[PDB]
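Visitor: sequence, then the experimental structure. Questions to follow.
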Amino acid sequence: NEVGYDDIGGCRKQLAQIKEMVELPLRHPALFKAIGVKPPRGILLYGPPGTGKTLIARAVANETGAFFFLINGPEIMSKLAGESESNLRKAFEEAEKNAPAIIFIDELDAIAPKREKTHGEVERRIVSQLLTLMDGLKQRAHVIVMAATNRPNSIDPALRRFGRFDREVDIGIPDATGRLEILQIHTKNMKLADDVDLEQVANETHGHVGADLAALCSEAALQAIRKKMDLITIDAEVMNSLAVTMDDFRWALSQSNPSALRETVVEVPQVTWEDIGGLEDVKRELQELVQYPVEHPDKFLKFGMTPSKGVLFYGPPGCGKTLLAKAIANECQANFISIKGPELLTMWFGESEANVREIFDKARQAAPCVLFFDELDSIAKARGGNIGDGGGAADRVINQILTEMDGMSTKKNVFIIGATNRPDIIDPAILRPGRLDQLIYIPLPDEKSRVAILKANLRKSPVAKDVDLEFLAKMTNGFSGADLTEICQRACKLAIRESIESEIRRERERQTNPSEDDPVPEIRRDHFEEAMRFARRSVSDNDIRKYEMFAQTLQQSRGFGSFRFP
Amino acid sequence: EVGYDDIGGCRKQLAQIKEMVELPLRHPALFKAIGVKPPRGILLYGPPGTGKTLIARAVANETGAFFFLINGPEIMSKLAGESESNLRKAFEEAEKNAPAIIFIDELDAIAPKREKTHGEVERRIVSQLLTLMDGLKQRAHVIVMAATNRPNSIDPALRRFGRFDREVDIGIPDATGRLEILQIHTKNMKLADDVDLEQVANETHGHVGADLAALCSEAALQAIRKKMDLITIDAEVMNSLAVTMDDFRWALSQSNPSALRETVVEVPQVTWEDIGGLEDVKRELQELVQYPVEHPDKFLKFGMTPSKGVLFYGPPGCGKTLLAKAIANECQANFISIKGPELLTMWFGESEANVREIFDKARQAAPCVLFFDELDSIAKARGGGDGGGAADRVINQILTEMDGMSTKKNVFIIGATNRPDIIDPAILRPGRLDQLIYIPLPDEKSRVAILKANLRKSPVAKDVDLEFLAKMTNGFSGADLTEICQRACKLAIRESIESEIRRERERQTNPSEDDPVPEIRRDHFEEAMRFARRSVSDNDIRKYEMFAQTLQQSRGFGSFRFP
Amino acid sequence: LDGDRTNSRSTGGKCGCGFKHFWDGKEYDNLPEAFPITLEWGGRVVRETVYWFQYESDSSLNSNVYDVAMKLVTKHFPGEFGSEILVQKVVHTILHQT
C-alpha cells in the first residue's frame, strides 16, 4: 500500500522535474526558511487520464516522507452543500496539522471547471472557497498542493495565478521507453515464456497509456487462462504452470482500444541522419539553426546575434521533409511535434483558429522543441491559391500562427519548421525577418540518398544477401522517398503472397500424400525485379523544373557579391 | 428463472459478456490470488428494446451471482437526497451479498450529457454515482452493468478507467438473430405448418426483440379476430387455433418498426457467385483484406504494414457494393455502408463531427469493411465546382480518422466514386486509400452470374436461356440487367392478374382450376427487353478506361534486371 | 510526311487510301479529327488545336485525354504551379468536345 519511485513508470523527465521541485523544499525546511527563496505552493499536473498521476503523488509523498492527503473531486461534490465546504476545510486543516504535507486533489476540474460552465451558486461558492484556502498557504508550513487535470484550460482560470496552482508539469503520454518501463512493472508478477519480448510489445503498443497497458497485460493473462484452463472442473497445477506467450500478447493487442490515440505526441524521434543520406549542406544549415543555439549559447551572446525563429522547407511531395525535421530533432535530443495539414484545415473549417495558441503553448512547455507544420499551404490551397477567389493570401489560422511566432521569445529555443509542396501560395507575411526567414529546397534524392533510403526501408524486413541495393538505387533515378518505399512494400507483398500460396499448396500436398522448412524465408531478389514492374515516378520533370525555377527566381536577387574591401 | 436459452439475437455479444464475467464470478479464488483484476464496470449500449436487462439477468442467474436492478427513472423520481440514499443502499446490498451484478437500466436518465443537466441535484447524483463506482475495489466481486442508447449519451466522466471501461455493442439482431427471437416468442403459440419463421426473420428487417414480440402478438390477434364470432358464443372452442402465414403477413404490414434508422452491422450474405468475373480484382481484395486477418504471422515475419484501404472507381451500377459485400463475406468480417446522402447530410448540417462515430462503430466491430458508397457526393454537390479547392469538411474528417487509425485493428476502408478525377487528391496518398481499382462493366460471364443471381427468387421457366440473354446484352451494367429482370416479373404479374379477372368473368357470365401463368416465360423476357437501355454510354466508359490506361502506362520502369 | 501515303498499309483503313498516315515521327492508321481549345492560365491566353487520334489497331496509339492535356500544359505553360487545375479543365473540355 506504500508506493515508491520504483513502481512509478512511463514518465522519467517529468518525475525528475517534480522531484527537483518538491523533494528539496520538503526534505530540508530550514534551508528554504534560512535562504531567501519562495517554496512552491501549488503544482498543477495535467495529462490524459489514466497515466498514474495519483500514484505519482503518492510515491513522491512517501519517498519524501511528507504526510499525504487525497481529495477526490466527485467525492467532495457528492456531499450536500455546506458539507463539501466542511470536508475541504477539514482536509486542508489536517494537511497543515502534520506539516510537512502534500494535498492531492484528484479530478480538480470536476471541482473548478470552466467558470462559465458552473451554473448554480453552490459551485461558485465552493470554487471561491478553494481559492481562498489556496492563498492561505503561506501561514501554513510547507504544505504543497498537487492537482490533476486533463488540460490547463480545463479548470477555472482564476486558479492559475501566483500563490495558487502556478507551477505546471505535463505528464502527457509515455513514450516507447516509458511504455516498456510500464510493461515491465506490470508484468512483474506473471509467468512469461522466453518467446515474448516486452520491448517489442512496448514498441508496437503506440497510443496507449499506463492503464491501457495494464489492461493489455490482464487481457493477455486471461487469454492464456482461457486457452489452457478451458482444457480442464479446474486444476490449480495448470494455473501454477501457466505462462503467457507472444501469441497471447499479440491477440490481446488486437483487442486493445487505446484511449490516447487522438492525443498529440511529443517525443524525440528515432529517425537519424543515416535514415536519409545525403544533403550535407541542408544538414549543416539545420545544425546551425537548431543545434548551435542550444549547444553554444555563449557564442550568440558574445557576438550579439539573434537565433532564427524558424525555417521553411519546400520541394516535391514525398522527398523527406518530415524525415529531415525528425532527424534534426533527433540530433539535438529535442522533442518533435508534427501538425499535419488536416489539423490546419479542421481549424479553418470550424473557425476554431484559437487552437493555434494551444499548439505553441505545448511546444513551449517541452522546450527545446522543433514545431513542425507539415503543410502550411493546405488552407491556401483549399481556396485555389494560384488564382483562387478574390481574397488575399491572409487567413485565420496562418494569422494566428504569425501572431504566436511574433509573441515567441527566442530564449526558449523553440524552432518552427514549415513544409509545403506549393511555396508560392504561402502567405508572404510569414517569410519576413523575425519569422520563417530562410528557405531550404529539398531536392529529389541523389544516388547515395536513394541507397540510404532503400537500406532504411528494408531494415525491418528479411532480405536475401543476393540483393544489391546499390544497383537498384542506381537504376531508379528521380524516384522520391515515397516511390522507393512503395517499391519495397510491393516486393514485401509479393513475398508474403508467395509464402501463403506455397503454404496452402503444401497443406494440400499433405492432404493428398500425408506421409520441412520455410519455402521463402526471405525476400528473394526476383520479388524485387517483379515489384519494379509496378514502380512509378510520383513527381515529373515538369514539377522538377517548376521547383528549380522557383529556386532560381529566389537566387536572381543574390547577384550582389564579389565584394572587395579596399 | 431466466437463462441463456431465453436470450436471442445477441449470441456474439452474449458470448463476449460470458467470457468477460464468468471466470471472475465462478472462480473468484483464481482472481483473488492472482494479481490480475476483473472488470469493474461493463457498459452495454444499443437501441432500446433489445432486452439488455434480460441479458443481465440471464448472466447473473446462470452464474449464480446475486442480481440487483436500479431504474434510472425510478431513482430520479425520488426526492432530493432520497436518490442518493437509494443508490447507496443498492450498492451496499450488492456488496453484502455473494458476488453481485448491478444493472442500472436507463443510465443516461441518471447521468446524461452534462450539458443536459442544468440543475444542481443532477450534478449531485452524478457525483454520487461516480463516488460509488470508484469505490468498488473495497467491495469484493461486484461488477456493475448499465444500459444506454449510445456512448455519447452518458456523462463522459463515467466512461473512465476504474469506472465503466468495458463496453458491449449489443446492436440490432440480424436475420439469424431475428429467427432465434421468433423461435423464442412462438414457444407457447400454436402455429400451423404453413408459417415458416425463417421467412418472417428474413422479412422483418429493422426490427428488434420488442418489435418481434409485438408482431407475433398482432398475428395472433388477427387469428383470434378471424375466428372470433364462431367462439361471442363459446369460450373453450378457441383451443383449435393455428396462426397462419396470412396472420404474420398482416402483422408485418402493420409493423412500424423502430430500428429502421440505424446502421446495420452484419456479415453480408453476398458472395463472389452473385458477381462472376473480375478474378484479378478478387485477388487484390483478398490480398488486402483476408491475408492480414487470415495470416498475420506472415506480415509480422516480413515486417509489412497492411494497407489501410482501397478505392473503387467505375461506371454507375457496375457492382462496387456487390464486390465490397462479397469480400466482407469471405472473411466473415462485418460490413458498414455509408451512402452518399449521409455524407451530404453531414456537409449540409455542418455535422462533420459525426464521422468519428462511424469510425468508432467500425472499430468496435473489427474486423470490418467500412464502405463509403459515394466519396464524390460532396465534391459533386459543389459543382465538381465552386471557386474553392477540392478540400472540404466531411472528407477532411475522414482523412483525420484514417490517419488516426491503428493498422492492427483490421478495419479496411473502401471507397467508391463515378468520378476518379474530382476526388480529393489528399486521400490517395500512401497511408490512405492508396490503391485505385477500376471496376469495369461486367463481362459476359459476370453478366450471366448477375442475371442468375437476380432471378434466384423468381419462378423462371427452364425454357429461358440466361446465357443467350447475357450474350446479346453486351455493354449493360448491373443496374440495367436488374431492370430487365424486374420488368419481366412485372409483365408476368400483369398477365397473371388479368387472368384472375377473366376467371371472375367466367364465374359471372357462366357460373356453371389451374394456374394461368405458373412462372416467368420466354415471351415475358422477349417483351421485357422492349425497355432496355444502356445506362452508361460508350462515350462515358471512355473516361474510366482512359484513366486506367493513363495510370498503367506510367509503369514504364519495367524489365529492371539485377546484375 | 504528315497526312500522306507511307510505306505501311493501315489495318484500320477507313481512309479510302488504306495506308497508314505518318505523324510525329510515327506511323498511324488514319488522320486526326483536330479541334481547337483555348488554354488560359493566370492571365495567359493561348490558342492551340489538339490532333485527336482514334481507330488504331494497336490500341496504344489512340489519343489519351490525360496524356494530351498534360503534354499541352507542359509545352505551353512549363513549370507552372498548380497546373493540375488547368489539366483538369483541358481534359474536361476535350472529353466534352468528342
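Guide: That came through, no problem. Residues are numbered from 1 along each chain as shown, chains lettered A, B, ... in the order given.
Visitor: now name the helix or strand holding the spatially closest residue to residue A:410 that is not a sequence neighbour.
Guide: Spatial nearest neighbour of residue A:410, excluding adjacent residues (C-beta to C-beta, 6 or more residues apart in numbering or on different chains): residue A:307 at 5.4 Å. Any C-beta I mention is one placed from the backbone N, CA and C, and that applies to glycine too. With secondary structure defined by DSSP states H and E, residue A:307 is part of neither a helix nor a strand.
Visitor: ok, residue A:307 to residue A:290 distance?
Guide: 9 Å (C-beta to C-beta, to the nearest Å).
Visitor: quick one on the thing from earlier: for the residue nearest to residue A:410, what are its contacts?
Guide: Neighbouring residues of residue A:307 by C-beta atoms under 8 Å, 6 or more residues apart in numbering or on different chains: A:289, A:293, A:300, A:410, A:413.
Visitor: buried stuff in the host helix or strand of the first one?
Guide: If you go by DSSP H and E, residue A:289 is part of helix A:280-290. The neighbour-count check on helix A:280-290 (16 or more other C-beta atoms under 10 Å in any protein chain shown) flags A:282, A:283, A:286, A:289, A:290 as buried.
Visitor: and it, what other elements does it pack with?
Guide: strand A:310-314, helix A:321-331, strand A:438-441 (3 or more C-beta pairs under 8 Å, 6 or more residues apart in numbering or on different chains; DSSP states H and E).
Visitor: element containing residue C:20?
Guide: Element membership for residue C:20 (DSSP H and E) is strand C:19-23.
Visitor: is chain B contacted by the lengthiest helix in chain A?
Guide: For chain A, the helix with the greatest residue count under DSSP state H is helix A:481-512. Yes: using C-beta under 8 Å from any C-beta of the partner chain, helix A:481-512 reaches chain B at A:482, A:485, A:486, A:489, A:492, A:493, A:495, A:496, A:497, A:499, A:500.
Visitor: what segments of the chain are strands?
Guide: The chain I'm using is chain A. Ranges of strands in chain A, per DSSP state E, are A:42-46, A:67-72, A:101-106, A:143-149, A:165-170, A:310-314, A:335-339, A:369-373, A:414-418, A:438-441.
Visitor: ah, I was thinking of chain C
Guide: C:5-9, C:19-23, C:26-28, C:35-40, C:45-50.
Visitor: got the residues of chain C near chain A?
Guide: For chain C, the contact set with chain A under C-beta under 8 Å from any C-beta comprises C:42, C:70, C:74, C:78, C:79, C:80, C:81, C:82, C:83, C:85.
Visitor: let's see if you can find the most crowded of those residues.
Guide: Neighbour counts for the residues of chain C next to chain A, by other C-beta atoms under 10 Å in any protein chain shown, peak at residue C:83, which reaches 23 neighbours.
Visitor: name the residues of stretch C:90-98 that come out as buried.
Guide: The neighbour-count check on stretch C:90-98 (16+ other C-beta under 10 Å) flags C:90, C:91, C:92, C:93, C:94 as buried.
Visitor: outside of that stretch, which residues touch it?
Guide: Under the contact criterion C-beta under 8 Å, 6+ apart, stretch C:90-98 has outside partners B:421, B:539, B:542-543, C:35, C:37, C:39, C:50, C:52, C:65-66, C:68-69, C:72-73.
Visitor: show the buried residues in those.
Guide: The neighbour-count criterion (16+ other C-beta under 10 Å) marks B:421, B:543, C:37, C:39, C:50, C:52, C:65, C:66, C:68, C:69, C:72, C:73 among the contacts of stretch C:90-98 as buried.
Visitor: show me which residues of chain C sit near chain B.
Guide: Residues of chain C that fall close to chain B, judged by C-beta under 8 Å from any C-beta: C:64, C:65, C:66, C:67, C:84, C:88, C:91, C:95, C:98.
Visitor: run through the residues that contact the residue of chain C most remote from its centre.
Guide: Centroid-distance maximum for chain C: residue C:43 at 24.4 Å, with C-alpha atoms, centre = their mean. Residue C:43 makes no contacts at all, as judged by C-beta under 8 Å, 6+ apart.
Visitor: surely residue A:463 touches residue A:523?
Guide: Yes: using C-beta atoms under 8 Å, residue A:463 is in contact with residue A:523, at 5.2 Å.
Visitor: and which of the residues of helix A:481-512 next to chain B is nearest chain C?
Guide: For the residues of helix A:481-512 next to chain B, the closest approach to chain C (C-beta to the nearest C-beta) belongs to residue A:482, at 17.4 Å.
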